[PDB]
Amino acid sequence: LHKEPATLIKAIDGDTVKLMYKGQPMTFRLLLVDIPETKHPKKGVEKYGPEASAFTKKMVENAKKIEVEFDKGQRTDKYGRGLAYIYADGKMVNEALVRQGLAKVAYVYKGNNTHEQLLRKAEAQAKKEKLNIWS
């Protein structure tokens, strides 16, 4: 896997970020995480969704360096979002969210599983600490 530079344009949600990637604007879905979504057809703003969205926001807004890492499977979903691991100053946003108890590890989508064990590891620890969603 290779990291590539990107530039923040806008954080959208705990799990979606808009980035300037290779000269063009692109929406990215974070790989292997499932959030208590704030963007839902008809709900009330899911429990921990606001905190997850704020966490992602602060992490990418505060970073000096954003990098994108595509996995070896399919690179976009049916909505045209890039499927990737995102790093903020060398730290994986996907893993931080899970480690902090602000996301669960999702099912593997189309061969994209390189950091699955790493994330499952992080999720175990958050559950063990009864963090946030696991409280």
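All chain A residue numbers match Swiss-Prot; in order, they span 89-223.
In case you wondered, yes, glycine gets a Cβ from its N, Cα and C as well.
According to Swiss-Prot, the features are:
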type	residues	note
ACT_SITE	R117	active site
ACT_SITE	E125	active site
ACT_SITE	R169	active site
Chain-internal residues, separated by at least six, CB under 8 A from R117 (active site): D103, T104, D165, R169, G170, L171, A172
DSSP-derived structure type at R117 (active site), helix or strand or else coil: strand
Cβ contacts of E125 (active site) (under 8 Å, same chain, 6 or more positions away): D101, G102, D103, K131, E134, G137
